[PDB]
$ cat upload06.csv   # CSV, C-alpha atoms
chain,number,residue,atom,x,y,z
A,1,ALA,CA,221.7,-131.1,-68.9
A,2,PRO,CA,225.2,-132.4,-69.8
A,3,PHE,CA,226.8,-130.7,-66.7
A,4,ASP,CA,226.2,-130.0,-63.0
A,5,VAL,CA,226.8,-127.0,-60.9
A,6,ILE,CA,228.4,-127.6,-57.5
A,7,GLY,CA,228.4,-125.1,-54.6
A,8,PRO,CA,230.9,-125.1,-51.7
A,9,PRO,CA,231.0,-127.9,-49.0
A,10,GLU,CA,230.4,-125.2,-46.4
A,11,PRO,CA,229.2,-121.6,-45.8
A,12,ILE,CA,231.6,-118.8,-46.9
A,13,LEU,CA,232.7,-116.8,-43.9
A,14,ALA,CA,233.0,-113.1,-44.5
A,15,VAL,CA,234.0,-110.2,-42.1
A,16,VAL,CA,231.9,-106.9,-42.3
A,17,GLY,CA,233.8,-104.4,-44.4
A,18,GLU,CA,235.9,-107.1,-46.3
A,19,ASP,CA,235.4,-108.8,-49.6
A,20,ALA,CA,233.8,-112.2,-50.0
A,21,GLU,CA,233.9,-114.6,-52.8
A,22,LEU,CA,231.0,-116.9,-53.6
A,23,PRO,CA,232.4,-119.8,-55.7
A,24,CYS,CA,230.5,-122.3,-57.8
A,25,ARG,CA,232.0,-124.8,-60.4
A,26,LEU,CA,230.9,-127.0,-63.2
A,27,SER,CA,231.0,-130.8,-63.0
A,28,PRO,CA,232.7,-132.0,-65.2
A,29,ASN,CA,235.5,-129.4,-65.1
A,30,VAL,CA,234.7,-128.0,-68.6
A,31,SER,CA,235.1,-124.3,-69.6
A,32,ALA,CA,232.4,-121.9,-68.4
A,33,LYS,CA,233.6,-119.1,-70.8
A,34,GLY,CA,230.6,-117.5,-72.6
A,35,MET,CA,227.9,-119.1,-70.5
A,36,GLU,CA,225.2,-117.2,-68.7
A,37,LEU,CA,226.5,-116.9,-65.1
A,38,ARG,CA,223.9,-115.5,-62.6
A,39,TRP,CA,224.1,-115.1,-58.9
A,40,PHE,CA,220.8,-114.2,-57.1
A,41,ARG,CA,219.1,-114.2,-53.8
A,42,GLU,CA,215.4,-114.4,-53.6
A,43,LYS,CA,214.4,-113.4,-57.2
A,44,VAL,CA,216.2,-114.6,-60.3
A,45,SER,CA,215.9,-111.1,-61.6
A,46,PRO,CA,217.2,-108.6,-60.6
A,47,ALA,CA,220.3,-110.6,-59.8
A,48,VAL,CA,223.3,-110.1,-57.5
A,49,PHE,CA,225.6,-110.6,-60.5
A,50,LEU,CA,224.9,-111.4,-64.2
A,51,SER,CA,227.3,-112.1,-67.0
A,52,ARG,CA,226.1,-113.0,-70.5
A,53,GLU,CA,228.2,-113.6,-73.6
A,54,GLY,CA,231.3,-112.7,-71.5
A,55,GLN,CA,230.0,-109.4,-70.4
A,56,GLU,CA,228.6,-108.1,-67.1
A,57,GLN,CA,225.0,-107.0,-67.5
A,58,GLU,CA,224.7,-104.1,-64.9
A,59,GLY,CA,221.2,-103.1,-65.8
A,60,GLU,CA,219.9,-106.6,-64.8
A,61,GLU,CA,221.7,-106.4,-61.4
A,62,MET,CA,220.1,-105.2,-58.1
A,63,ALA,CA,221.0,-101.6,-57.5
A,64,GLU,CA,222.4,-102.4,-54.1
A,65,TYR,CA,224.9,-104.8,-55.7
A,66,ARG,CA,225.9,-102.7,-58.7
A,67,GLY,CA,229.4,-101.4,-58.5
A,68,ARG,CA,230.4,-103.8,-55.7
A,69,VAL,CA,230.2,-107.1,-57.6
A,70,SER,CA,232.6,-108.7,-60.1
A,71,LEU,CA,233.4,-112.1,-61.6
A,72,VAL,CA,236.4,-114.0,-60.4
A,73,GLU,CA,237.5,-116.1,-63.4
A,74,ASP,CA,241.2,-117.1,-63.0
A,75,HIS,CA,239.9,-120.7,-63.4
A,76,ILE,CA,236.9,-120.2,-65.7
A,77,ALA,CA,238.4,-122.3,-68.4
A,78,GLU,CA,238.0,-125.3,-66.1
A,79,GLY,CA,234.5,-124.3,-65.0
A,80,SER,CA,235.4,-122.6,-61.7
A,81,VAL,CA,234.3,-119.0,-61.0
A,82,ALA,CA,233.1,-116.8,-58.1
A,83,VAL,CA,231.4,-113.5,-57.6
A,84,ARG,CA,233.4,-111.2,-55.5
A,85,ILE,CA,231.2,-109.0,-53.2
A,86,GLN,CA,233.1,-106.0,-51.9
A,87,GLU,CA,232.6,-104.3,-48.6
A,88,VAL,CA,230.4,-107.0,-47.0
A,89,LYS,CA,227.6,-105.8,-44.7
A,90,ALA,CA,225.3,-107.6,-42.3
A,91,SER,CA,222.4,-107.5,-44.9
A,92,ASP,CA,224.6,-109.5,-47.3
A,93,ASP,CA,224.2,-112.6,-44.9
A,94,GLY,CA,222.1,-115.4,-46.3
A,95,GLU,CA,221.6,-117.9,-49.1
A,96,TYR,CA,222.7,-117.2,-52.7
A,97,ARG,CA,222.0,-119.3,-55.7
A,98,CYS,CA,224.5,-119.7,-58.6
A,99,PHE,CA,223.0,-120.4,-62.0
A,100,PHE,CA,225.0,-121.5,-65.1
A,101,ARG,CA,223.2,-121.6,-68.6
A,102,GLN,CA,224.3,-122.6,-72.1
A,103,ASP,CA,221.4,-122.2,-74.5
A,104,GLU,CA,218.7,-124.7,-73.3
A,105,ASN,CA,220.9,-126.4,-70.6
A,106,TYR,CA,220.9,-124.9,-67.1
A,107,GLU,CA,221.8,-126.0,-63.7
A,108,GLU,CA,222.3,-124.4,-60.2
A,109,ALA,CA,223.6,-124.7,-56.7
A,110,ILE,CA,223.5,-122.9,-53.4
A,111,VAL,CA,226.2,-120.8,-51.6
A,112,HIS,CA,225.7,-119.6,-48.1
A,113,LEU,CA,227.4,-116.4,-47.1
A,114,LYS,CA,227.9,-116.1,-43.4
A,115,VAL,CA,228.8,-112.6,-42.3
A,116,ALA,CA,230.5,-111.8,-39.0
A,117,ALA,CA,231.8,-108.7,-37.1
A,118,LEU,CA,233.8,-108.6,-34.1
A,119,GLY,CA,232.9,-105.8,-31.6
A,120,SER,CA,234.6,-103.5,-29.2
A,121,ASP,CA,236.6,-104.2,-26.0
A,122,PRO,CA,234.0,-105.2,-23.4
A,123,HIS,CA,233.5,-103.0,-20.4
A,124,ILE,CA,232.3,-103.6,-16.9
A,125,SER,CA,230.4,-101.0,-14.8
A,126,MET,CA,230.3,-101.6,-11.1
A,127,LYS,CA,227.5,-100.3,-8.9
A,128,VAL,CA,227.3,-101.1,-5.1
A,129,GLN,CA,223.7,-100.7,-4.1
A,130,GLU,CA,221.3,-102.1,-1.4
A,131,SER,CA,223.7,-103.2,1.4
A,132,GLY,CA,226.7,-105.1,0.2
A,133,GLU,CA,225.3,-106.5,-3.1
A,134,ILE,CA,227.3,-105.7,-6.3
A,135,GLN,CA,225.6,-105.3,-9.7
A,136,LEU,CA,227.9,-105.5,-12.8
A,137,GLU,CA,227.0,-104.5,-16.3
A,138,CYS,CA,229.0,-105.7,-19.2
A,139,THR,CA,228.8,-103.7,-22.4
A,140,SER,CA,230.1,-104.1,-25.9
A,141,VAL,CA,229.3,-102.6,-29.3
A,142,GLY,CA,229.3,-103.9,-32.9
A,143,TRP,CA,228.9,-107.7,-33.1
A,144,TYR,CA,227.4,-109.7,-35.8
A,145,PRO,CA,225.5,-112.0,-35.5
A,146,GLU,CA,224.2,-112.0,-31.9
A,147,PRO,CA,227.3,-112.5,-29.7
A,148,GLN,CA,227.4,-114.8,-26.6
A,149,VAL,CA,228.1,-113.4,-23.1
A,150,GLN,CA,230.0,-115.6,-20.6
A,151,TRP,CA,230.7,-114.6,-17.0
A,152,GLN,CA,233.5,-116.4,-15.1
A,153,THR,CA,235.0,-116.4,-11.6
A,154,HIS,CA,238.8,-116.1,-11.4
A,155,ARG,CA,238.8,-119.9,-10.8
A,156,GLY,CA,237.1,-120.5,-14.2
A,157,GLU,CA,233.5,-121.4,-13.0
A,158,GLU,CA,231.0,-119.9,-15.6
A,159,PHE,CA,227.8,-118.5,-14.3
A,160,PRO,CA,224.9,-116.9,-16.3
A,161,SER,CA,223.7,-113.3,-16.6
A,162,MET,CA,220.7,-112.0,-14.7
A,163,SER,CA,219.5,-110.1,-17.7
A,164,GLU,CA,220.7,-109.5,-21.2
A,165,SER,CA,220.0,-107.2,-24.1
A,166,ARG,CA,221.0,-106.9,-27.7
A,167,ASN,CA,220.1,-104.0,-30.1
A,168,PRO,CA,221.2,-103.7,-33.7
A,169,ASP,CA,222.8,-100.4,-34.9
A,170,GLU,CA,221.9,-98.7,-38.2
A,171,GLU,CA,224.1,-101.2,-40.1
A,172,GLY,CA,222.5,-104.1,-38.2
A,173,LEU,CA,225.4,-104.7,-35.7
A,174,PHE,CA,224.6,-105.7,-32.1
A,175,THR,CA,225.3,-103.8,-29.0
A,176,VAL,CA,225.2,-106.2,-26.1
A,177,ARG,CA,224.4,-105.4,-22.5
A,178,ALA,CA,224.5,-108.0,-19.7
A,179,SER,CA,224.0,-107.7,-15.9
A,180,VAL,CA,224.7,-109.9,-13.1
A,181,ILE,CA,224.4,-109.6,-9.3
A,182,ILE,CA,227.5,-110.7,-7.3
A,183,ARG,CA,226.4,-112.4,-4.0
A,184,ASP,CA,229.7,-113.2,-2.2
A,185,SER,CA,232.7,-111.8,-0.2
A,186,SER,CA,235.1,-114.3,-1.7
A,187,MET,CA,234.8,-113.4,-5.4
A,188,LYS,CA,238.2,-111.8,-6.0
A,189,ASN,CA,237.8,-111.0,-9.7
A,190,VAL,CA,235.1,-111.6,-12.3
A,191,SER,CA,235.5,-111.6,-16.0
A,192,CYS,CA,233.0,-111.1,-18.9
A,193,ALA,CA,233.7,-112.6,-22.3
A,194,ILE,CA,231.9,-111.7,-25.4
A,195,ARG,CA,232.2,-114.2,-28.1
A,196,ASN,CA,231.5,-114.3,-31.8
A,197,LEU,CA,230.5,-118.1,-32.2
A,198,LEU,CA,230.8,-117.9,-36.0
A,199,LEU,CA,234.4,-116.7,-36.0
A,200,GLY,CA,235.2,-118.7,-32.8
A,201,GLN,CA,236.7,-115.4,-31.4
A,202,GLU,CA,236.2,-113.6,-28.1
A,203,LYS,CA,237.3,-110.7,-26.0
A,204,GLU,CA,237.1,-110.4,-22.3
A,205,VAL,CA,237.4,-107.9,-19.5
A,206,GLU,CA,238.2,-108.6,-15.9
A,207,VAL,CA,237.1,-106.5,-12.9
A,208,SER,CA,238.0,-106.4,-9.2
A,209,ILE,CA,235.6,-106.6,-6.3
A,210,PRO,CA,236.0,-104.7,-3.0
A,211,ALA,CA,235.3,-106.6,0.3
$ encode --input "upload06.csv" --output "structure tokens"
Amino acid sequence: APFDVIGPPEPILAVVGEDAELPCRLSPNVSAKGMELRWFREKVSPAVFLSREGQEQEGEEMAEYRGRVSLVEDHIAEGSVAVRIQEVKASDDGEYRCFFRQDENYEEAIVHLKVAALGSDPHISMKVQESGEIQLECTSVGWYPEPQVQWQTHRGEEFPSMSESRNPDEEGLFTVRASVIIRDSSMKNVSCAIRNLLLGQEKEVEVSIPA
């Protein structure tokens, strides 16, 4: 083929409920107007998005993409386009392939969509049980992907959970539970941080321990 198709340097990061754009471009930077533009996941057909002869082909698109996909083409005349996916969900996470065809010449590349959701303000439950020992449970809802839990003393010394749980909701978002047993007098405050590693964003909650 007298052209190549280049995908992005890195994964595209997309927040749940927002739109994402999956770009691919021709090399050299020649017009892509009128080419077959196909985005797909596992099977070439049915596709995430299909344009032929400058028209979207809806009947050749997966039913779960129909009506939420569209071609971004501000820059099509120089070979640069994208598929906009509206209202991103957790199931949209993964590898996509972008295929460009003019008659007998075709080429393709890979775009990675990485989906993220940031969950609720964490909460700590305190329960004093068996003689002086304190059990804390930290809870938060709605993270994607699996979020990280970090416990810290007021000084900043991290320590691990005793146990942890993650359970996806109906839309695939994780609820996280983590428990720790505090064995100390001198622990003034303890905090729990829940972090989405993909966004590099966290939330925390501090609690206060009685003598």
$ residues_around --input "upload06.csv" --residues "residue A:123" --least-positions-apart "5" --cutoff "8 Å" --atoms "only C-alpha atoms" --output "VMD selection string"
chain A and resid 137 to 140 205
$ axis_aligned_box --input "upload06.csv" --around "stretch 138-153 of chain A" --padding-each-side "8 Å" --output "AutoDock Vina command-line options"
--center_x 229.6 --center_y -109.5 --center_z -23.7 --size_x 26.8 --size_y 29.8 --size_z 40.2
$ residues_around --input "upload06.csv" --residues "residue A:99" --least-positions-apart "2" --cutoff "6 Å" --atoms "all atoms listed in the file" --output "ChimeraX atom specification"
/A:37-38,107-108
$ closest_residue --input "upload06.csv" --among "A:150, A:102, A:201, A:189" --to "residue A:53" --atoms "only C-alpha atoms"
A:102
$ residues_around --input "upload06.csv" --residues "residue A:162" --least-positions-apart "2" --cutoff "12 Å" --atoms "only C-alpha atoms" --output "PyMOL selection string"
chain A and resi 135-138+149-151+159-160+164-165+177-182
$ atom_distance --input "upload06.csv" --atom1 "atom CA of residue A:148" --atom2 "atom CA of residue A:198"
10.5 Å
$ closest_residue --input "upload06.csv" --among "A:46, A:145, A:122, A:9" --to "residue A:207" --atoms "only C-alpha atoms"
A:122
$ residues_around --input "upload06.csv" --residues "residue A:184" --least-positions-apart "2" --cutoff "10 Å" --atoms "all atoms listed in the file" --output "VMD selection string"
chain A and resid 132 to 134 181 to 182 186 to 188 209 211
$ atom_distance --input "upload06.csv" --atom1 "atom CA of residue A:8" --atom2 "atom CA of residue A:199"
18.1 Å
$ atom_distance --input "upload06.csv" --atom1 "atom CA of residue A:114" --atom2 "atom CA of residue A:64"
18.2 Å
$ closest_residue --input "upload06.csv" --among "A:59, A:172, A:54, A:156" --to "residue A:192" --atoms "only C-alpha atoms"
A:156
$ closest_residue --input "upload06.csv" --among "A:141, A:20, A:194, A:126" --to "residue A:173" --atoms "all atoms listed in the file"
A:141
$ closest_residue --input "upload06.csv" --among "A:56, A:204, A:158, A:95" --to "residue A:43" --atoms "only C-alpha atoms"
A:95
$ residues_around --input "upload06.csv" --residues "residue A:65" --least-positions-apart "4" --cutoff "10 Å" --atoms "all atoms listed in the file" --output "JSON list (two decimals) with C-alpha atoms, in the frame of the given file"
[["chain", "number", "residue", "atom", "x", "y", "z"],
["A", 46, "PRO", "CA", 217.20, -108.60, -60.60],
["A", 47, "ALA", "CA", 220.30, -110.60, -59.80],
["A", 48, "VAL", "CA", 223.30, -110.10, -57.50],
["A", 49, "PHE", "CA", 225.60, -110.60, -60.50],
["A", 58, "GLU", "CA", 224.70, -104.10, -64.90],
["A", 61, "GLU", "CA", 221.70, -106.40, -61.40],
["A", 69, "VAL", "CA", 230.20, -107.10, -57.60],
["A", 70, "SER", "CA", 232.60, -108.70, -60.10],
["A", 85, "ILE", "CA", 231.20, -109.00, -53.20],
["A", 86, "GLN", "CA", 233.10, -106.00, -51.90],
["A", 92, "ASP", "CA", 224.60, -109.50, -47.30]]
$ closest_residue --input "upload06.csv" --among "A:12, A:98, A:35, A:22" --to "residue A:77" --atoms "only C-alpha atoms"
A:35
